[PDB]
Amino acid sequence: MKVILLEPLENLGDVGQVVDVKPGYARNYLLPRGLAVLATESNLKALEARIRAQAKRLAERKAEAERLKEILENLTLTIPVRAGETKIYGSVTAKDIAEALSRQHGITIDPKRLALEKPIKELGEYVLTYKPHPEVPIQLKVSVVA
Amino acid sequence: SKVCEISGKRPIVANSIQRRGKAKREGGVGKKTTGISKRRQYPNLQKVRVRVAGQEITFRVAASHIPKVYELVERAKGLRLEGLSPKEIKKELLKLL
RNA sequence: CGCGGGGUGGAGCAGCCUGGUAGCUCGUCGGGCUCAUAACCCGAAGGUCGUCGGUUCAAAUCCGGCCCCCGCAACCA
RNA sequence: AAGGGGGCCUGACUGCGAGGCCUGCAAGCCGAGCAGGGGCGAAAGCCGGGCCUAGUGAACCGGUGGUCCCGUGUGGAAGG
RNA sequence: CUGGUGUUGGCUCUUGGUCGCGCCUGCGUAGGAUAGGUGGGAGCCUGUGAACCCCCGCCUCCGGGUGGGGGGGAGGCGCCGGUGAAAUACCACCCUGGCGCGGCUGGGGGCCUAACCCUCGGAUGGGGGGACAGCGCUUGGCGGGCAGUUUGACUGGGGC
RNA sequence: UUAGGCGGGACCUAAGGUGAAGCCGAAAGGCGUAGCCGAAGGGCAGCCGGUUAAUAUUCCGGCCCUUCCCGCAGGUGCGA
RNA sequence: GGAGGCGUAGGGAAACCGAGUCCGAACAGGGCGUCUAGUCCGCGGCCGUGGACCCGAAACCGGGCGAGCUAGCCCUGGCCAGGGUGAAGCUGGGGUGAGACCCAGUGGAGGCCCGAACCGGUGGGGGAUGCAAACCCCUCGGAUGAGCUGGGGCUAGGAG
RNA sequence: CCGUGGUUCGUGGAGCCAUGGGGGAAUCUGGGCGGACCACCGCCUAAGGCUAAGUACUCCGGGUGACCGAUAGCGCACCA
RNA sequence: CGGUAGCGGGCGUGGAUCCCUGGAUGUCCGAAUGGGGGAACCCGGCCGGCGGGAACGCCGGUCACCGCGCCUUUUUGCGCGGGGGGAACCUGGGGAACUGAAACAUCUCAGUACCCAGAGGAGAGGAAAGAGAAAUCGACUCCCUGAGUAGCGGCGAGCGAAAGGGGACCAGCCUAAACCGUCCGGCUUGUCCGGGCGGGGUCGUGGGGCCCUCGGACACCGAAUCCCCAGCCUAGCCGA
Ligand SMILES: [Mg+2]
Ligand SMILES: [Mg+2]
Ligand SMILES: [Mg+2]
Ligand SMILES: [Mg+2]
Ligand SMILES: [Mg+2]
Ligand SMILES: [Mg+2]
Ligand SMILES: [Mg+2]
Ligand SMILES: [Mg+2]
Ligand SMILES: [Mg+2]
Ligand SMILES: [Mg+2]
Ligand SMILES: [Mg+2]
Ligand SMILES: [Mg+2]
Ligand SMILES: [Mg+2]
Ligand SMILES: [Mg+2]
Ligand SMILES: [Mg+2]
Ligand SMILES: [Mg+2]
Ligand SMILES: [Mg+2]
Ligand SMILES: [Mg+2]
Ligand SMILES: [Mg+2]
Ligand SMILES: [Mg+2]
Ligand SMILES: [Mg+2]
Ligand SMILES: [Mg+2]
Ligand SMILES: [Mg+2]
Ligand SMILES: [Mg+2]
Ligand SMILES: [Mg+2]
Ligand SMILES: [Mg+2]
Ligand SMILES: [Mg+2]
Ligand SMILES: [Mg+2]
Ligand SMILES: [Mg+2]
Ligand SMILES: [Mg+2]
Ligand SMILES: [Mg+2]
Ligand SMILES: [Mg+2]
Ligand SMILES: [Mg+2]
Ligand SMILES: [Mg+2]
Ligand SMILES: [Mg+2]
Ligand SMILES: [Mg+2]
Ligand SMILES: [Mg+2]
Ligand SMILES: [Mg+2]
Ligand SMILES: [Mg+2]
Ligand SMILES: [Mg+2]
Ligand SMILES: [Mg+2]
Ligand SMILES: [Mg+2]
Ligand SMILES: [Mg+2]
Ligand SMILES: [Mg+2]
Ligand SMILES: [Mg+2]
Ligand SMILES: [Mg+2]
Ligand SMILES: [Mg+2]
Ligand SMILES: [Mg+2]
Ligand SMILES: [Mg+2]
Ligand SMILES: [Mg+2]
Ligand SMILES: [Mg+2]
Ligand SMILES: [Mg+2]
Ligand SMILES: [Mg+2]
Ligand SMILES: [Mg+2]
Ligand SMILES: [Mg+2]
Ligand SMILES: [Mg+2]
Ligand SMILES: [Mg+2]
Ligand SMILES: [Mg+2]
Ligand SMILES: [Mg+2]
Ligand SMILES: [Mg+2]
Ligand SMILES: [Mg+2]
Ligand SMILES: [Mg+2]
Ligand SMILES: [Mg+2]
Ligand SMILES: [Mg+2]
Ligand SMILES: [Mg+2]
Ligand SMILES: [Mg+2]
Ligand SMILES: [Mg+2]
Ligand SMILES: [Mg+2]
Ligand SMILES: [Mg+2]
Ligand SMILES: [Mg+2]
Ligand SMILES: [Mg+2]
Ligand SMILES: [Mg+2]
Ligand SMILES: [Mg+2]
Ligand SMILES: [Mg+2]
Ligand SMILES: [Mg+2]
Ligand SMILES: [Mg+2]
Ligand SMILES: [Mg+2]
Ligand SMILES: [Mg+2]
Ligand SMILES: [Mg+2]
Ligand SMILES: [Mg+2]
Ligand SMILES: [Mg+2]
Ligand SMILES: [Mg+2]
Ligand SMILES: [Mg+2]
Ligand SMILES: [Mg+2]
Ligand SMILES: [Mg+2]
Ligand SMILES: [Mg+2]
Ligand SMILES: [Mg+2]
Ligand SMILES: [Mg+2]
Ligand SMILES: [Mg+2]
Ligand SMILES: [Mg+2]
Ligand SMILES: [Mg+2]
Ligand SMILES: [Mg+2]
Ligand SMILES: [Mg+2]
Ligand SMILES: [Mg+2]
Ligand SMILES: [Mg+2]
Ligand SMILES: [Mg+2]
Ligand SMILES: [Mg+2]
Ligand SMILES: [Mg+2]
Ligand SMILES: [Mg+2]
Ligand SMILES: [Mg+2]
Ligand SMILES: [Mg+2]
Ligand SMILES: [Mg+2]
Ligand SMILES: [Mg+2]
Ligand SMILES: [Mg+2]
Ligand SMILES: [Mg+2]
Ligand SMILES: [Mg+2]
Ligand SMILES: [Mg+2]
Ligand SMILES: [Mg+2]
Ligand SMILES: [Mg+2]
Ligand SMILES: [Mg+2]
Ligand SMILES: [Mg+2]
Ligand SMILES: [Mg+2]
Ligand SMILES: [Mg+2]
Ligand SMILES: [Mg+2]
Ligand SMILES: [Mg+2]
Ligand SMILES: [Mg+2]
Ligand SMILES: [Mg+2]
Ligand SMILES: [Mg+2]
Ligand SMILES: [Mg+2]
Ligand SMILES: [Mg+2]
Ligand SMILES: [Mg+2]
Ligand SMILES: [Mg+2]
Ligand SMILES: [Mg+2]
Ligand SMILES: [Mg+2]
Ligand SMILES: [Mg+2]
Ligand SMILES: [Mg+2]
Ligand SMILES: [Mg+2]
Ligand SMILES: [Mg+2]
Ligand SMILES: [Mg+2]
Ligand SMILES: [Mg+2]
Ligand SMILES: [Mg+2]
Ligand SMILES: [Mg+2]
Ligand SMILES: [Mg+2]
Ligand SMILES: [Mg+2]
Ligand SMILES: [Mg+2]
Ligand SMILES: [Mg+2]
Ligand SMILES: [Mg+2]
Ligand SMILES: [Mg+2]
Ligand SMILES: [Mg+2]
Ligand SMILES: [Mg+2]
Ligand SMILES: [Mg+2]
Ligand SMILES: [Mg+2]
Ligand SMILES: [Mg+2]
Ligand SMILES: [Mg+2]
Ligand SMILES: [Mg+2]
Ligand SMILES: [Mg+2]
Ligand SMILES: [Mg+2]
Ligand SMILES: [Mg+2]
Ligand SMILES: [Mg+2]
Ligand SMILES: [Mg+2]
Ligand SMILES: [Mg+2]
Ligand SMILES: [Mg+2]
Ligand SMILES: [Mg+2]
Ligand SMILES: [Mg+2]
Ligand SMILES: [Mg+2]
Ligand SMILES: [Mg+2]
Ligand SMILES: [Mg+2]
Ligand SMILES: [Mg+2]
Ligand SMILES: [Mg+2]
Ligand SMILES: [Mg+2]
Ligand SMILES: [Mg+2]
Ligand SMILES: [Mg+2]
Ligand SMILES: [Mg+2]
Ligand SMILES: [Mg+2]
Ligand SMILES: [Mg+2]
Ligand SMILES: [Mg+2]
Ligand SMILES: [Mg+2]
Ligand SMILES: [Mg+2]
Ligand SMILES: [Mg+2]
Ligand SMILES: [Mg+2]
Ligand SMILES: [Mg+2]
Ligand SMILES: [Mg+2]
Ligand SMILES: [Mg+2]
Ligand SMILES: [Mg+2]
Ligand SMILES: [Mg+2]
Ligand SMILES: [Mg+2]
Ligand SMILES: [Mg+2]
Ligand SMILES: [Mg+2]
Ligand SMILES: [Mg+2]
Ligand SMILES: [Mg+2]
Ligand SMILES: [Mg+2]
Ligand SMILES: [Mg+2]
Ligand SMILES: [Mg+2]
Ligand SMILES: [Mg+2]
Ligand SMILES: [Mg+2]
Ligand SMILES: [Mg+2]
Ligand SMILES: [Mg+2]
Ligand SMILES: [Mg+2]
Ligand SMILES: [Mg+2]
Ligand SMILES: [Mg+2]
Ligand SMILES: [Mg+2]
Ligand SMILES: [Mg+2]
Ligand SMILES: [Mg+2]
Ligand SMILES: [Mg+2]
Ligand SMILES: [Mg+2]
Ligand SMILES: [Mg+2]
Ligand SMILES: [Mg+2]
Ligand SMILES: [Mg+2]
Ligand SMILES: [Mg+2]
Ligand SMILES: [Mg+2]
Ligand SMILES: [Mg+2]
Ligand SMILES: [Mg+2]
Ligand SMILES: [Mg+2]
Ligand SMILES: [Mg+2]
Ligand SMILES: [Mg+2]
Ligand SMILES: [Mg+2]
Ligand SMILES: [Mg+2]
Ligand SMILES: [Mg+2]
Ligand SMILES: [Mg+2]
Ligand SMILES: [Mg+2]
Ligand SMILES: [Mg+2]
Ligand SMILES: [Mg+2]
Ligand SMILES: [Mg+2]
Ligand SMILES: [Mg+2]
Ligand SMILES: [Mg+2]
Ligand SMILES: [Mg+2]
Ligand SMILES: [Mg+2]
Ligand SMILES: [Mg+2]
Ligand SMILES: [Mg+2]
Ligand SMILES: [Mg+2]
Ligand SMILES: [Mg+2]
Ligand SMILES: [Mg+2]
Ligand SMILES: [Mg+2]
Ligand SMILES: [Mg+2]
Ligand SMILES: [Mg+2]
Ligand SMILES: [Mg+2]
Ligand SMILES: [Mg+2]
Ligand SMILES: [Mg+2]
Ligand SMILES: [Mg+2]
Ligand SMILES: [Mg+2]
Ligand SMILES: [Mg+2]
Ligand SMILES: [Mg+2]
Ligand SMILES: [Mg+2]
Ligand SMILES: [Mg+2]
Ligand SMILES: [Mg+2]
Ligand SMILES: [Mg+2]
Ligand SMILES: [Mg+2]
Ligand SMILES: [Mg+2]
Ligand SMILES: [Mg+2]
Ligand SMILES: [Mg+2]
Ligand SMILES: [Mg+2]
Ligand SMILES: [Mg+2]
Ligand SMILES: [Mg+2]
Ligand SMILES: [Mg+2]
Ligand SMILES: [Mg+2]
Ligand SMILES: [Mg+2]
Ligand SMILES: [Mg+2]
Ligand SMILES: [Mg+2]
Ligand SMILES: [Mg+2]
Ligand SMILES: [Mg+2]
Ligand SMILES: [Mg+2]
Ligand SMILES: [Mg+2]
Ligand SMILES: [Mg+2]
Ligand SMILES: [Mg+2]
Ligand SMILES: [Mg+2]
Ligand SMILES: [Mg+2]
Ligand SMILES: [Mg+2]
Ligand SMILES: [Mg+2]
Ligand SMILES: [Mg+2]
Ligand SMILES: [Mg+2]
């Protein structure tokens with residue numbers, strides 16, 4: 001009969017699928033091992049909750065990032081530092097980038113979701129990538145100065 | 001085989017009629033009974049062990065109603081059952097029926 | 001009643017699936033060898049390939065009917 | 001001539017059947033005549049198998065060919 | 001005793017069946033050589049990589065049918081007809097059969113465990129068997145172990 | 001027709017019986033673990049004599065015993 | 001109380017027709033009908049179904065009751081005078097290289113013997129409306145065994 | 001669908017109601033039925049349950065007999 | 001002051017005996033229920049009482065099992081209930097043979113006798129997935145009829161309906177599901193699932209749910225439930 005997988009089962013289906021098995025395969029193996037559960041009309045609805053909610057927060061979170069992408073690809077973050085010519089070297093790391101962003105624009109970002117190899121050595125015009133959401137890219141204008 | 005615990009199915013008396021000769025249907029003279037006698041027909045009773053409230057319950061049912069046993073487990077999942085003897089549980093499951 | 005497959009020389013016979021050969025053994029005849037007997041070996045006579053109708057350049061080989069022997073299973077008021 | 005030969009033929013008919021033989025029943029047997037459509041014969045006539053008396057088996061159950069009578073609300077069909 | 005099926009599951013190798021599609025198959029004599037049957041045949045295949053040749057694929061009734069691959073660089077083919085009963089090219093649909101892929105389905109071998117069965121003084125487990133066996137429904141078979149009955153009348157008594 | 005001491009019970013178990021558990025069976029019921037029951041087997045403390053018309057290891061005489069309860073002394077890790 | 005029943009139309013398997021109808025091509029010929037009398041109650045004779053004029057089987061089936069007789073087994077107890085024979089073993093002696101083996105003593109075996117209890121029932125006689133629904137007398141078989149026997153238990157009707 | 005029961009139905013053209021086995025739906029545009037099956041025309045609403053009266057009987061109480069009268073009438077008139 | 005006289009004693013108009021109704025007592029056995037058991041006998045636990053009462057005995061109370069509510073902290077407690085009998089009648093589970101067929105096996109006897117479970121003054125059945133041919137009937141049961149018909153049948157022996165008509169009686173209801181509410185549980189956290197409870201709903205002109213519109217919600221019907229009464233039964237009384 002039809003049952004749903006509570007765990008990925010190769011050559012059978014990925015977790016969450018309705019799948020047709022011999023009844024004996026379900027009754028004496030899959031089911032009493034937590035590997036699947038009956039695709040009863042009740043469970044088929046309980047599944048739907050997860051599917052519904054999960055994709056809802058996930059579509060939520062993607063748009064919840066979109067509110068950032070518009071303001072950040074618009075603006076520029078200016079970070080003044082004690083400087084000489086084109087060198088002075090400071091703790092200007094994603095940490096300070098975020099701190100400088102909280103106090104200047106109020107907005108708060110995760111200094112680890114920020115793409116940056118090493119702390120900025122030189123004064124200059126820098127374009128960082130912020131990836132707050134694995135789908136939504138963000139090109140950040142940051143300018144280090146006097 | 002006694003009674004099916006789910007369907008109440010139980011053995012009945014049925015005749016063994018013994019015939020002979022060509023059917024009239026096939027242009028034969030007609031069937032002749034050479035004997036009638038009583039036998040019994042038993043329900044296809046089978047054993048279905050199952051685990052409800054972690055305790056292991058064992059039903060004895062016709063093959064016909066085996067899936068109904070598994071329906072009952074599904075339905076007793078919404079139920080206080082813990083610390084009940086296996087008999088206590090089974091009696092409760094059948095109450096759902 | 002309904003199925004299945006045979007008839008091929010005097011006896012038994014594969015050729016029939018896969019249309020171009022009536023072939024094999026035994027039988028009889030003649031000749032070789034033989035104490036002889038067999039066996040062996042050379043040759044030879046011997047058939048419409050059941051019938052009749054039909055597809056085909058041609059069919060025992062394929063079709064329709066029919067005859068007959070065996071076989072299979074069922075029925076018998 | 002009921003016997004022997006030949007010619008032509010299918011009455012080895014269909015629908016009936018007054019009257020009798022026989023007889024416990026049920027059977028069995030003989031039958032003129034009427035109509036249909038035929039055979040042989042110039043015709044009268046004969047022909048409803050065989051010179052006659054044995055050569056047989058009730059009913060039930062089923063088969064086969066007809067017919068188109070019944071057929072479960074109606075038309076078919078199954079079945080009769 | 002026995003087939004089917006329910007209880008009855010997982011992996012795998014192998015092998016029939018029927019259907020559909022792609023492809024090949026066809027050898028008497030004649031003969032240019034291996035011509036299935038017909039039907040459209042007079043006009044094609046072609047620098048779209050021909051003939052005249054090298055790996056190598058099956059099939060052969062040992063004469064080749066056929067066909068992936070390698071160099072090619074422009075010619076092979078039938079109409080014409082000679083041989084025949086039937087024409088050789090290219091097309092279509094069929095037949096005999098074989099093979100490849102694709103449904104629907106059957107038969108068989110092996111491994112597996114978890115239903116089922118055994119067992120372990122230790123039991124939501126371990127070991128053994130194992131989808132067999134046992135059990136349900138159904139098929140045919142053997143079946144004085146048991147059961148019900150039949151087993152005629154006439155007849156110088158009955159039987160013979 | 002008189003019993004702590006005889007027999008039996010308030011002790012034990014045998015065959016077997018019964019039988020919460022469990023298994024099975026159309027119903028009745030069948031099987032059966034524990035437990036319980038089951039003796040002429042195991043275990044347990046009375047001998048001689050006297051007396052009544054009629055009982056006596058039962059009453060009585062003499063000589064001996066058993067268990068149980070309380071208290072006590074001594075003894076000990078007591079305890080199923 | 002008229003539901004209902006019989007009767008006032010028959011023929012035909014029926015459709016159907018109707019003093020007719022059926023078979024039939026028939027406007028032959030036959031068959032069965034037409035040419036009114038029924039119905040209700042009582043009584044009587046007989047018939048069908050009921051046990052059907054009365055008494056009588058041997059049997060067949062259902063459900064129970066019986067192993068206080070008898071059979072077998074299970075548990076627990078008990079019984080078997082006396083006498084006879086004298087197995088193995090042991091001991092000692094003989095023997096041989098060591099043995100086998102021999103002799104004597106001791107020993108006390110056995111579905112062994114004679115024979116009471118006890119258990120049987122061989123022959124004869126008696127008994128035969130018996131003392132007795134199986135007895136009595138004489139005689140006989142076993143009597144440490146596959147023995148006898150008490151108490152407690154289990155197995156039954158196509159069953160034990 | 002297979003094996004059976006019920007009904008007047010004995011396998012019959014065998015429906016209908018029931019169900020031991022196997023396969024196994026639909027929620028009214030759905031299902032079952034009107035004697036195989038099909039079409040038409042109709043009837044009904046399965047797979048949950050309750051319900052008085054009218055009916056049956058006579059241990060018991062009463063009433064009545066073209067019922068018996070002690071071998072009859074119940075086996076028993078009575079200490080059955 | 002029974003049959004019942006006898007011996008020996010009592011009672012009654014201060015209303016006895018006797019009859020009716022309701023109480024009380026009610027040893028032991030029996031469903032038999034603390035346990036055993038060879039029924040009417042044997043042995044206990046807990047709590048009280050009695051005797052001088054520790055031992056011993058008596059007395060009063062209590063203690064079986066199964067089901068349901070699981071209201072139960074499963075443990076433990078509590079509550080309602082069951083058990084067994086009954087002349088026949090009733091339903092259900094199982095179910096013969098003699099016999100008939102002038103033999104016999106299908107068939108008959110007969111779903112009878114009988115065994116078992118259960119019901120109750122009755123029981124069964126009962127509100128159409130009916131009948132079956134009429135554009136009809138309208139729950140069930142019982143009687144007459146239809147009818148020994150239609151049919152069934154080694155088409156033998158035999159078996160044997162239904163509709164319709166006439167009567168007795170008369171009566172109809174409750175749910176499951178959609179959907180709303182609540183309550184405990186789930187952990188795939190939820191416009192979700194499951195279990196309980198209440199509301200809602202009850203059908204063949206098809207009904208019901210949910211949303212929209214008028215109506216009425218005070219009209220009407222009405223128990224098979226409860227209350228009261230007449231009447232009736234269980235002693236009697238008058239009576240020419
Ligand atoms: Mg897989
Ligand atoms: Mg799927
Ligand atoms: Mg949400
Ligand atoms: Mg059972
Ligand atoms: Mg039955
Ligand atoms: Mg039955
Ligand atoms: Mg028949
Ligand atoms: Mg199972
Ligand atoms: Mg546990
Ligand atoms: Mg278990
Ligand atoms: Mg299943
Ligand atoms: Mg199934
Ligand atoms: Mg509960
Ligand atoms: Mg041969
Ligand atoms: Mg002449
Ligand atoms: Mg002459
Ligand atoms: Mg002559
Ligand atoms: Mg002549
Ligand atoms: Mg002549
Ligand atoms: Mg002539
Ligand atoms: Mg002439
Ligand atoms: Mg003739
Ligand atoms: Mg005349
Ligand atoms: Mg006349
Ligand atoms: Mg006559
Ligand atoms: Mg004659
Ligand atoms: Mg003429
Ligand atoms: Mg002439
Ligand atoms: Mg003429
Ligand atoms: Mg003549
Ligand atoms: Mg002649
Ligand atoms: Mg003659
Ligand atoms: Mg004859
Ligand atoms: Mg006959
Ligand atoms: Mg016929
Ligand atoms: Mg006939
Ligand atoms: Mg007609
Ligand atoms: Mg018709
Ligand atoms: Mg019709
Ligand atoms: Mg018709
Ligand atoms: Mg006909
Ligand atoms: Mg089998
Ligand atoms: Mg099988
Ligand atoms: Mg399987
Ligand atoms: Mg299988
Ligand atoms: Mg395999
Ligand atoms: Mg493979
Ligand atoms: Mg395959
Ligand atoms: Mg396709
Ligand atoms: Mg070709
Ligand atoms: Mg070359
Ligand atoms: Mg080479
Ligand atoms: Mg090759
Ligand atoms: Mg070559
Ligand atoms: Mg090649
Ligand atoms: Mg190439
Ligand atoms: Mg290359
Ligand atoms: Mg030319
Ligand atoms: Mg030419
Ligand atoms: Mg060619
Ligand atoms: Mg072309
Ligand atoms: Mg082909
Ligand atoms: Mg497949
Ligand atoms: Mg296989
Ligand atoms: Mg094999
Ligand atoms: Mg293995
Ligand atoms: Mg295993
Ligand atoms: Mg294994
Ligand atoms: Mg397991
Ligand atoms: Mg252990
Ligand atoms: Mg063990
Ligand atoms: Mg195990
Ligand atoms: Mg474990
Ligand atoms: Mg294991
Ligand atoms: Mg199996
Ligand atoms: Mg044999
Ligand atoms: Mg036999
Ligand atoms: Mg006979
Ligand atoms: Mg005999
Ligand atoms: Mg004589
Ligand atoms: Mg004779
Ligand atoms: Mg003593
Ligand atoms: Mg005594
Ligand atoms: Mg014991
Ligand atoms: Mg017992
Ligand atoms: Mg015991
Ligand atoms: Mg019990
Ligand atoms: Mg039990
Ligand atoms: Mg039984
Ligand atoms: Mg029991
Ligand atoms: Mg026992
Ligand atoms: Mg034991
Ligand atoms: Mg013990
Ligand atoms: Mg004890
Ligand atoms: Mg004890
Ligand atoms: Mg006892
Ligand atoms: Mg004891
Ligand atoms: Mg005792
Ligand atoms: Mg004792
Ligand atoms: Mg003793
Ligand atoms: Mg003692
Ligand atoms: Mg003593
Ligand atoms: Mg004395
Ligand atoms: Mg003394
Ligand atoms: Mg009448
Ligand atoms: Mg008509
Ligand atoms: Mg007419
Ligand atoms: Mg007339
Ligand atoms: Mg006419
Ligand atoms: Mg005429
Ligand atoms: Mg006329
Ligand atoms: Mg006449
Ligand atoms: Mg006439
Ligand atoms: Mg006349
Ligand atoms: Mg007249
Ligand atoms: Mg006249
Ligand atoms: Mg008249
Ligand atoms: Mg009369
Ligand atoms: Mg008669
Ligand atoms: Mg009689
Ligand atoms: Mg009479
Ligand atoms: Mg009579
Ligand atoms: Mg008999
Ligand atoms: Mg007998
Ligand atoms: Mg008994
Ligand atoms: Mg005895
Ligand atoms: Mg003794
Ligand atoms: Mg002794
Ligand atoms: Mg002696
Ligand atoms: Mg001497
Ligand atoms: Mg001696
Ligand atoms: Mg000696
Ligand atoms: Mg010594
Ligand atoms: Mg020595
Ligand atoms: Mg010595
Ligand atoms: Mg010496
Ligand atoms: Mg020596
Ligand atoms: Mg020597
Ligand atoms: Mg010694
Ligand atoms: Mg000696
Ligand atoms: Mg001796
Ligand atoms: Mg002797
Ligand atoms: Mg004696
Ligand atoms: Mg003598
Ligand atoms: Mg004598
Ligand atoms: Mg004598
Ligand atoms: Mg005598
Ligand atoms: Mg002597
Ligand atoms: Mg003697
Ligand atoms: Mg003696
Ligand atoms: Mg002697
Ligand atoms: Mg003994
Ligand atoms: Mg005994
Ligand atoms: Mg008997
Ligand atoms: Mg037997
Ligand atoms: Mg027996
Ligand atoms: Mg016997
Ligand atoms: Mg059926
Ligand atoms: Mg039935
Ligand atoms: Mg039937
Ligand atoms: Mg009936
Ligand atoms: Mg039937
Ligand atoms: Mg019939
Ligand atoms: Mg039928
Ligand atoms: Mg139908
Ligand atoms: Mg059914
Ligand atoms: Mg079924
Ligand atoms: Mg549907
Ligand atoms: Mg739907
Ligand atoms: Mg409808
Ligand atoms: Mg109907
Ligand atoms: Mg119809
Ligand atoms: Mg149909
Ligand atoms: Mg209807
Ligand atoms: Mg209903
Ligand atoms: Mg009722
Ligand atoms: Mg009375
Ligand atoms: Mg009276
Ligand atoms: Mg009198
Ligand atoms: Mg008298
Ligand atoms: Mg008198
Ligand atoms: Mg007298
Ligand atoms: Mg008398
Ligand atoms: Mg009486
Ligand atoms: Mg009296
Ligand atoms: Mg009396
Ligand atoms: Mg009496
Ligand atoms: Mg009395
Ligand atoms: Mg008296
Ligand atoms: Mg007195
Ligand atoms: Mg008195
Ligand atoms: Mg007196
Ligand atoms: Mg006086
Ligand atoms: Mg007064
Ligand atoms: Mg009393
Ligand atoms: Mg008791
Ligand atoms: Mg109690
Ligand atoms: Mg006792
Ligand atoms: Mg005590
Ligand atoms: Mg007490
Ligand atoms: Mg609580
Ligand atoms: Mg609990
Ligand atoms: Mg509890
Ligand atoms: Mg209460
Ligand atoms: Mg009761
Ligand atoms: Mg009772
Ligand atoms: Mg029932
Ligand atoms: Mg009954
Ligand atoms: Mg029952
Ligand atoms: Mg019989
Ligand atoms: Mg008779
Ligand atoms: Mg008879
Ligand atoms: Mg007779
Ligand atoms: Mg009879
Ligand atoms: Mg019955
Ligand atoms: Mg009946
Ligand atoms: Mg009766
Ligand atoms: Mg009343
Ligand atoms: Mg009633
Ligand atoms: Mg009444
Ligand atoms: Mg009632
Ligand atoms: Mg009811
Ligand atoms: Mg009902
Ligand atoms: Mg209605
Ligand atoms: Mg009808
Ligand atoms: Mg009408
Ligand atoms: Mg009409
Ligand atoms: Mg009308
Ligand atoms: Mg109408
Ligand atoms: Mg009959
Ligand atoms: Mg009948
Ligand atoms: Mg009958
Ligand atoms: Mg019948
Ligand atoms: Mg009837
Ligand atoms: Mg009917
Ligand atoms: Mg009626
Ligand atoms: Mg009237
Ligand atoms: Mg009526
Ligand atoms: Mg009345
Ligand atoms: Mg009404
Ligand atoms: Mg409600
Ligand atoms: Mg529900
Ligand atoms: Mg939440
Ligand atoms: Mg949530
Ligand atoms: Mg409540
Ligand atoms: Mg509700
Ligand atoms: Mg609700
Ligand atoms: Mg309501
Ligand atoms: Mg309607
Ligand atoms: Mg609607
Ligand atoms: Mg609506
Ligand atoms: Mg509005
Ligand atoms: Mg409005
Ligand atoms: Mg208004
Ligand atoms: Mg008003
Ligand atoms: Mg009222
Ligand atoms: Mg009164
Ligand atoms: Mg009065
Ligand atoms: Mg007076
Ligand atoms: Mg007076």
# chains A, B, ... in the order shown; residues from 1 in each chain; ligands from 1

call {"tool": "residues_around", "arguments": {"residues": "residue I:92", "least_positions_apart": "3", "cutoff": "12 Å", "atoms": "only C-alpha atoms (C1' of nucleotides)", "output": "number ranges by chain"}}
result
F: 27; I: 116-119, 123-124

call {"tool": "residues_around", "arguments": {"residues": "stretch 29-37 of chain D", "least_positions_apart": "2", "cutoff": "8 Å", "atoms": "only C-alpha atoms (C1' of nucleotides)", "output": "ChimeraX atom specification"}}
result
/D:14-16,18-19,21-22 /G:25-26,28-29

call {"tool": "residues_near_ligand", "arguments": {"ligand": "ligand 22", "cutoff": "10 Å", "atoms": "only C-alpha atoms (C1' of nucleotides) and all ligand atoms", "output": "ChimeraX atom specification"}}
result
/D:12-13,49

call {"tool": "write_last_selection", "arguments": {"atoms": "N, CA, C and O atoms (P, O5', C5', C4', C3', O3' and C1' of nucleotides)", "output": "PDB file, in the first residue's frame"}}
result
ATOM      1  P     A D  12     -43.345 -48.282 -51.779  1.00  0.00           P
ATOM      2  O5'   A D  12     -42.669 -47.804 -50.423  1.00  0.00           O
ATOM      3  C5'   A D  12     -43.328 -48.031 -49.183  1.00  0.00           C
ATOM      4  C4'   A D  12     -42.458 -47.725 -47.987  1.00  0.00           C
ATOM      5  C3'   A D  12     -41.827 -46.337 -47.960  1.00  0.00           C
ATOM      6  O3'   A D  12     -41.861 -45.831 -46.641  1.00  0.00           O
ATOM      7  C1'   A D  12     -40.149 -47.980 -47.741  1.00  0.00           C
ATOM      8  P     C D  13     -42.703 -44.503 -46.331  1.00  0.00           P
ATOM      9  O5'   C D  13     -44.062 -44.690 -47.154  1.00  0.00           O
ATOM     10  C5'   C D  13     -45.203 -43.888 -46.875  1.00  0.00           C
ATOM     11  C4'   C D  13     -45.121 -42.562 -47.582  1.00  0.00           C
ATOM     12  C3'   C D  13     -45.850 -41.400 -46.940  1.00  0.00           C
ATOM     13  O3'   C D  13     -45.123 -40.867 -45.854  1.00  0.00           O
ATOM     14  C1'   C D  13     -46.243 -41.392 -49.271  1.00  0.00           C
ATOM     15  P     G D  49     -46.751 -48.986 -45.080  1.00  0.00           P
ATOM     16  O5'   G D  49     -46.100 -49.769 -46.303  1.00  0.00           O
ATOM     17  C5'   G D  49     -45.463 -51.019 -46.131  1.00  0.00           C
ATOM     18  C4'   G D  49     -44.784 -51.428 -47.407  1.00  0.00           C
ATOM     19  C3'   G D  49     -44.358 -52.886 -47.528  1.00  0.00           C
ATOM     20  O3'   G D  49     -45.409 -53.739 -47.938  1.00  0.00           O
ATOM     21  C1'   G D  49     -42.576 -51.484 -48.176  1.00  0.00           C
TER      22        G D  49
END
